[PDB]
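A short write-up of the structure that comes next.
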Amino acid sequence: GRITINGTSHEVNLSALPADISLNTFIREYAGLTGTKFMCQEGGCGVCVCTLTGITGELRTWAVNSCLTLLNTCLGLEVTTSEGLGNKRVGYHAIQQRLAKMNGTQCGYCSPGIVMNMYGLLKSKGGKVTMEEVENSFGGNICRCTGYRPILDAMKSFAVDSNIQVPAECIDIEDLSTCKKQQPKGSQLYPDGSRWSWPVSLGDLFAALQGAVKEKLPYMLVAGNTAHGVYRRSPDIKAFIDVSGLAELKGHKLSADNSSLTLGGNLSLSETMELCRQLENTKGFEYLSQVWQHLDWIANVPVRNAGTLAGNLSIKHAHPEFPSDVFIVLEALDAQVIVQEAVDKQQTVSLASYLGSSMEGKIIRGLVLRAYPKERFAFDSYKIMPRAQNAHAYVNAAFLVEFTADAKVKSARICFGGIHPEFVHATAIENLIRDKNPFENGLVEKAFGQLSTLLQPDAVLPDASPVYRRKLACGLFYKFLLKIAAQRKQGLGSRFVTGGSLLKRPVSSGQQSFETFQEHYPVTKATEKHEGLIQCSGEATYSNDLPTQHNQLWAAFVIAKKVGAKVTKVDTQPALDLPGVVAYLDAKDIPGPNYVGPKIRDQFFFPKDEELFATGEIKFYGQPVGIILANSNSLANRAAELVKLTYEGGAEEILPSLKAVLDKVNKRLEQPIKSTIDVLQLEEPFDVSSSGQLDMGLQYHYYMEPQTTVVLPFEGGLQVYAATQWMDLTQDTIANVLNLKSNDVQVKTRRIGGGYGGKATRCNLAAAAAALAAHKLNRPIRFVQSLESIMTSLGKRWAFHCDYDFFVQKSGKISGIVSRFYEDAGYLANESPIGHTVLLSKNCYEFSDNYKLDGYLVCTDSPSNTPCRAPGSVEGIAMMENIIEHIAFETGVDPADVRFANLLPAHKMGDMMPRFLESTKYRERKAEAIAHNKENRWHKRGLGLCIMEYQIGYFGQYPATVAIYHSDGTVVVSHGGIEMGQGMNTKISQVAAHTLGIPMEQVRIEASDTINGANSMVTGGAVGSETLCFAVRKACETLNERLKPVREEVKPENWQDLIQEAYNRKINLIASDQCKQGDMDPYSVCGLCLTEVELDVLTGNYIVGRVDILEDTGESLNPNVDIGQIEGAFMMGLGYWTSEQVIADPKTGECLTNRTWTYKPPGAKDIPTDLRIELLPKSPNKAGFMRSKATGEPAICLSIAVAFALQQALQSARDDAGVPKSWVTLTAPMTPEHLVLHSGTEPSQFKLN
Amino acid sequence: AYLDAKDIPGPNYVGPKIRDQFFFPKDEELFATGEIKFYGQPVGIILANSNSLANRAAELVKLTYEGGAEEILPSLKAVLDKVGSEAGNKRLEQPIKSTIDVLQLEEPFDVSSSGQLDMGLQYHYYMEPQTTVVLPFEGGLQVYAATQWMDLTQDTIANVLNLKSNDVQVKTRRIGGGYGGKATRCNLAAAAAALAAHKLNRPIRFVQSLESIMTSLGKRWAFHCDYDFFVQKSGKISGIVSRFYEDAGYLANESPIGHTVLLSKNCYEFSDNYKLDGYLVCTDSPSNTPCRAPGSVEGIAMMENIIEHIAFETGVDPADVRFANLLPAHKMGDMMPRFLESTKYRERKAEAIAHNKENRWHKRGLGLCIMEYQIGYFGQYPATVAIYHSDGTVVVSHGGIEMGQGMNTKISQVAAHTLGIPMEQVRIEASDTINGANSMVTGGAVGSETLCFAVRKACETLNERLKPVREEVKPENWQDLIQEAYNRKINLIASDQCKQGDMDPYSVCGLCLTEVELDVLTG
Ligand SMILES: Cc1cc2nc3c(=O)[nH]c(=O)nc-3n(C[C@H](O)[C@H](O)[C@H](O)COP(=O)(O)OP(=O)(O)OC[C@H]3O[C@@H](n4cnc5c(N)ncnc54)[C@H](O)[C@@H]3O)c2cc1C
Ligand SMILES: Nc1nc2c(c(=O)[nH]1)N[C@H]1C(S)=C(S)[C@@H](COP(=O)(O)O)O[C@H]1N2
Ligand SMILES: Nc1nc2c(c(=O)[nH]1)N[C@H]1C(S)=C(S)[C@@H](COP(=O)(O)O)O[C@H]1N2
Ligand code: MOS
Ligand code: MOS
Ligand code: FES
Ligand code: FES
């Protein structure tokens, strides 16, 4: 057994490894290379992406997901990880260096995956790509920090057509212009009774396959192992047969007369796509440009490189409910399947026949496509997704229409997926249009109506509403007829034409405007990130990058699934029967209080008791009752699912959502905010009044580093390596739950791969579980929570509902507001954001005894909700800006004019807003959207304006130690702050360098720990960076004071001499200080966003176009850091208002949206096409630190501008639909589903003229 | 792999970027490049996948030599026999020239004699062998070094590898004995392990075999003394002439000779009547290094041996020769009479002489030694102390190295005493180059008390901060005080140091009486 990684050979003893070990597990735990991450384990996120190289007799390199690829299919290949491309000593790779120097890495957890995707892309294309291709290729790489713009600028600069400005220190890429697969003979047996075969011929395959069938072994024909990503591979699989090495299952044959194309069953989707580009200029196969487009909508680059045609169809075969895009395309083209059942025994059958017949002992040998000449055949297809890429379809469709000489239908194949498991063809519609001209009077009207009636979609959560899916399938057929009308020069009505087009998305771009002041350098300089290069190279270590410890085990939660019930009996035997499963631990094992929190509690974070392990009534679906420990992460997760719980009782009403509780209205409601106005008096006169609602759901943090703690038993205490924003609380919780001394519980947190609030407190269920296990079993424990564990058992941004009345003059001037809001706490009242909702409820508007505000905390049967970027602040701004927009709507006054009518006097927003509307050309662009909306029925433009005054305040204390080395005058800092991607360390390095008077490069920041970080408050509130900067500058001012007398006496010529002279005098070159609440004055951050959208009314899909952001950052400590904070914050908010959606099962309470398959944050193509950010000039802060303002949180509150833009577009559709002019409740999120449901569209409106 | 001097990025030099006159006056190579200076001089390293294989493979690397020394002179005796005791040769220096060119007696004498004192090398025999483990880490190095001086280990590695000091982090939790042999000789293995870790980008473990340690590394400096004494019948010293020679091995670095001179008079009275000349001798042998009480051993040995020789020439009892020479109104004058009385010296000394008259082949002996040992301070030593708000437990991380001498035991007592909490509540964490940044070597027997001073001072800062809170809330217990301090955002972390001059120097008086029995036929 043999694999090459980064140019080094590894002998693989297969007998000793799991049969199903992933390339990821092998890379991380056996080669010891921790650059390659994991998070989703299912192909959706990209953090695990590496490249394979193998033998036309030429070397091909392609990206794969290391989490999905099985080690045993990689034998003899060369594996490349980020570490393989460069490192500090040998020099960083062009791609690594370009991503760091162009500000495309924050937390850094996605950076290696990004680098290796780009490497894969460049190598597969002989180093020649377009900017468009580069932007198309990162659908599989989720970044939660950068908003992707700088990632796209960096990677686009490698393109032949690059128009990107590259920094002059960036090196040039090597020439990329254009090892053999190992295939042992016979099987390889495994202790557990598993077999691998590496057949070279079809004879060998059928030997292996007949073998497996006769010994009654469940088998798998292994290509990419990507199907696991969609439906988990059965544990019952014993015979693995690698088919990635059979030539006979690859390749293609154009028939002699160009009448048919035969495709290898196990061509990869990427190979099928390259084959499409080659044959799309061949008469009769021009339609393969549409097949290419539909394959480009499937999954992402690495899944398409690894995944195969036959693999996909095998999913459809096993799972009829699976709306395969390969299936719907091939069914519409009447593809034939070559089913082979021995070396000399094969049948060519219809797709439908393949699907209806057993495949036991049989393979797909190939697929047969016939020629469809351009003018005689119209072929088109659709995949409507909730975001731009890498999301399964609401509905997909493929349409094949043959036309006779006199423009009539000879035949039609009209196919939909996402309707119901037995629906394929719209048969009544194919028969309707047969032998007719589709454009003849009344036919399309009759066709919709009929189609609308025959679509009866199922309703299996978490799939979208049946009503949306029916309206979508109809709109798609309409869209097809509009498109082919345009192509065949059939007359259409001016207002209907664009209905047949897909939205224009140009190559995205950004602009940044900011000031720097050389007189403060290195402060206010725009710099790379302190850890940028180590983040991109995979040198940077996170908690789970700790090396393999001897006798280590992995932990996973065992969960209760019955809300209101009590667990009376636990059977662990099925878990413990698996070899490598060691133990189960529950509440009975906890020495100390069964409590997740500190010994001394407060009234904000910790007012309500929270168990580590449930001992009473189960409070939510997913509540942990214990942990399994096993010798692999895979086995721990699988064994934990096998522990059987017996329940006694159960709640007869489960209310797992804010809507469920409020619809039933009580012990679940508390009223922390009670207005001093009992009834609004409104003595002022008013011309317009109305009532409305605002509804905003949960948001999953989606940090790319999962919840992680490693605990080592050490010299009678514990060493804890925790991904936490608050080490002190981790330490406190572990010491309390185990009855230990805190000084024996040492926590080290060098960095975390994002937190956004979700690692403030929810890190401690896993940290305390891991520590419990390490303490009891006296062994290292690794607890890397699965995405499903995190999303099922841990909380999220609090959901928000508001009911309001407003009373205004015809100018939009507010006479009164009554508002009631409810925030969804989950099952515990802890960590309420309601204070900040109230703080920002007035935004920048003038009130006078005329704003009645009542606020309720609501407990639901769901995980305890937690802080998420700008908690309370987002809802406070959303609430007030919504009412502003609703006012504009009812009064007919422009939204800028309602804001002007209501602004506070003598206010910064009064200078900023007019200058912003001037520079963004707001007035002409608003008139433009309206003029366009008048000319077009199915494509609508909106412009949304959001303004804000965000409050910044300080809390807690943060220590910092600074030491100068006498050897060379270089500096180290270890502090109580956590670097989570926000550039705390970058800013700290500039401040230490500025204060001491030395270069930035001479400053290094070390790991945060419970020595130099003892007692430190949680890193959050956006003030972390400036707070640690205050601590470090104070410590450095102490060093300066000690150095001053040595300066004056020896008058040194340089820093090295000053420091050695101070060492000779025994000056202490170590200073420890802190920053505490009150060291700095609090302040506000004013921001404005203008967002432009184009809405496709028929699908609900939109493209966010130009976005303009102006924020007061004061004099920015680092414009690069602050631009990146604004883009990231805005983009997380753009997610909240677009594609991110959490669905709780209304009968069980289970969080159904619990993996990448079912939860969709912004991708690379979901961002604004034109992102322009301005840091306000000539605006020094009188308060805070060094004239600067925080940037980590405020911009997420401006993101509702996107919803305001879709709202204008949706209102224009409603107008055209004849809906009486009426407000539609704004919703986080504004999904395609939401917009089609409220657009007033009816299939009777589907006209050609 | 095999690595040698060709693979060194920076200077081929074991030591700091900025050198002194005591530790680093003379060039020392990591790997030899021209003339081999001693048998066992490393020229490179082999790296292998086990300790056994690495050691076996080292012996298989085939060296070809050219030329070779006329005469190899590997011991103090060899250099003095071949060169003579007179310095007018590159191998002999005279750091100590008596201001007396020739001794003139201002007192008359009844007995004169000449003698020699010969003391050889001593191997430290630390039970943990010379050990360094180096990990590549975020473009830098993590260094797990068995060292008495992290700062020198960091400085040396950073210099030889052309790295920033802040990218070379040394952690030393404890060592299994040092006794001076891990002050500087640790850095041959540490520099080599780091070079390999940096070049090969893998973890390197260097655990030096006993043979490697005793062949390639130095030892307690050997001592030779030639002396004349001139005394009265009583044993009262009229004059001494003393020449001594200390064996440096091939380099003059880390001379103990200054300490030999400081204790040469021990606790006896002299009047411009002690001629002392001291020579440093370079031998074809590993560079010799500090070993427990370097120079102090030889200085006391020299003076006490002269007392014992005087005793034997005059027939006066060794205690009585000491009485005749004691400095006036000295602590030793109070201690020695009480010591001789309580040990029953006079009786046991007579019992041994009586036993010896009766038995030809089984002889008894009684040996008396007295000393005044000088304790002085040098360098700066940092300490960081933190109190946890959760439970009031305390952690310390400092620039001292625990090598068994009980430094952490004493620190915990002092931190506990200063803060007013039980000892059990105090933990000491590993020494590192962050909280121990720039810290001097742990040696000179003052390490423990110097760190105790640094820790006490940090704990006094914490008390000053706790004082206002204690007077305001009048707490029932320490945990309540600490949590109230945390509530008011009092900083419960303090960092401070102890430097030379913070405490006053002093002497340690001691006496020893030893009884032996000797089998004359076997030895
Ligand atoms: C993140 C992600 C997103 C995706 N998005 C989409 C999407 O939007 N639309 C969509 O349609 N699909 C989607 N897919 C599915 C993807 O297309 C398939 O997983 C892939 O095509 C499977 O091929 P494979 O080589 O990986 O199969 P494997 O997992 O290796 O094998 C799958 C099955 O096929 C069988 N098999 C393999 N070769 C043959 C053969 N020649 N004859 C018979 N049986 C055979 C095996 O026995 C096995 O049971 C997605 C997958 C992932 C991971
Ligand atoms: N890259 C990155 N940026 C981030 C976060 C994060 O986890 N990763 N957290 C956000 C949140 S919720 C806060 S409170 C701040 C935390 O750091 P700061 O207080 O130093 O700005 O950064 C913000 N920006
Ligand atoms: N157990 C033990 N005791 C020891 C040593 C040692 O290595 N181990 N070294 C000795 C030497 S040479 C010195 S200088 C000191 C070092 O510690 P101290 O200076 O704090 O007493 O302890 C002495 N006692
Ligand atoms: O305070 Mo930010 O971690 S929700
Ligand atoms: O000073 Mo002791 O380390 S020879
Ligand atoms: S861990 Fe592999 S794609 Fe997410
Ligand atoms: S930098 Fe991309 S996920 Fe944090």
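In the text below, chain A, chain B and the rest are named by the order of the sequence lines, each starting its count at 1. Just the heavy atoms: all of them, side chains too, but no hydrogens, waters or symmetry mates, feed the values below.
Residue pairs that meet the salt bridge (charged side-chain N to carboxylate O under 4.0 Å, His left out) test with at least one member in residues 474-486 of chain B, sequence neighbours left out, are B/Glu484-B/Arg488. Among residues at least two apart or in separate chains, ring-ring contact (aromatic ring centres under 6.0 Å, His included) pairs with a member in residues 389-414 of chain B are B/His389-B/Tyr486.
A side-chain N or O of B/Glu246 and one of B/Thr260 form a donor-acceptor pair less than 3.5 Å apart. Side chains of B/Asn266 and B/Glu304: a donor-acceptor N/O pair is present below 3.5 angstrom, by distance only.
Under the 3.5 Å distance criterion, the side-chain polar atoms of B/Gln148 are matched with a main-chain donor or acceptor of B/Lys182. The backbone N or O of A/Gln746 sits nowhere less than 3.5 Å from a side-chain atom of A/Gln719 that would complete a donor-acceptor pair. Remark: the backbone N or O of A/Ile998 is not paired with any side-chain donor or acceptor of A/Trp1055 at under 3.5 angstrom. For A/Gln957 (side chain) and B/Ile490 (main-chain N/O), a donor-acceptor pair under 3.5 Å exists by modelled atom type. Here the side chain of B/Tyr123 pairs no donor or acceptor atom with the backbone of B/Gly218 at under 3.5 angstrom. The backbone N or O of A/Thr995 sits less than 3.5 Å from a side-chain atom of A/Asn1040, completing a donor-acceptor pair. Looking at B/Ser296, its side chain never comes within 3.5 Å of a backbone N or O of B/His259 through a donor-acceptor pair. Checking side-chain atoms of B/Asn166 against main-chain N and O of A/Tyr965 turns up no donor-acceptor pair under 3.5 Å. The backbone N or O of B/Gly400 lies less than 3.5 Å from no partner atom in the side chain of B/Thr442, so there is not a single donor-acceptor pair.
Within 6.0 Å of NZ in A/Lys599 there are more than 12 heavy atoms belonging to other residues, nucleotides or ligands.
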B/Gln154/B/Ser165 under side chain to side chain donor-acceptor pair (under 3.5 Å): CA gap, chis, key distance, verdict: CA-CA 6 Å; B/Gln154 183 184 47; B/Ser165 289; 5.0 Å; no
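Smallest separation of non-hydrogen atoms from A/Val962 and A/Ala1035: CG2-CB, 3.8 Å. A pairwise comparison of heavy atoms in B/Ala485 and B/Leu466 identifies CB-CD2, 3.6 Å as the closest pair.
A salt bridge links B/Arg427 and B/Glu429; the closest N-O separation between the charged side-chain nitrogens and carboxylate oxygens is under 4.0 Å. Under the 4.0 Å criterion applied to side-chain N and carboxylate O atoms, B/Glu28 and B/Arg185 are assigned as salt-bridge partners. Salt bridge A/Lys1076/A/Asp1079: present, at least one basic N to carboxylate O contact under 4.0 Å. Using a cut-off of 4.0 Å between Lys/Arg side-chain N and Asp/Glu carboxylate O, B/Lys164 and B/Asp167 are scored as not salt-bridged.
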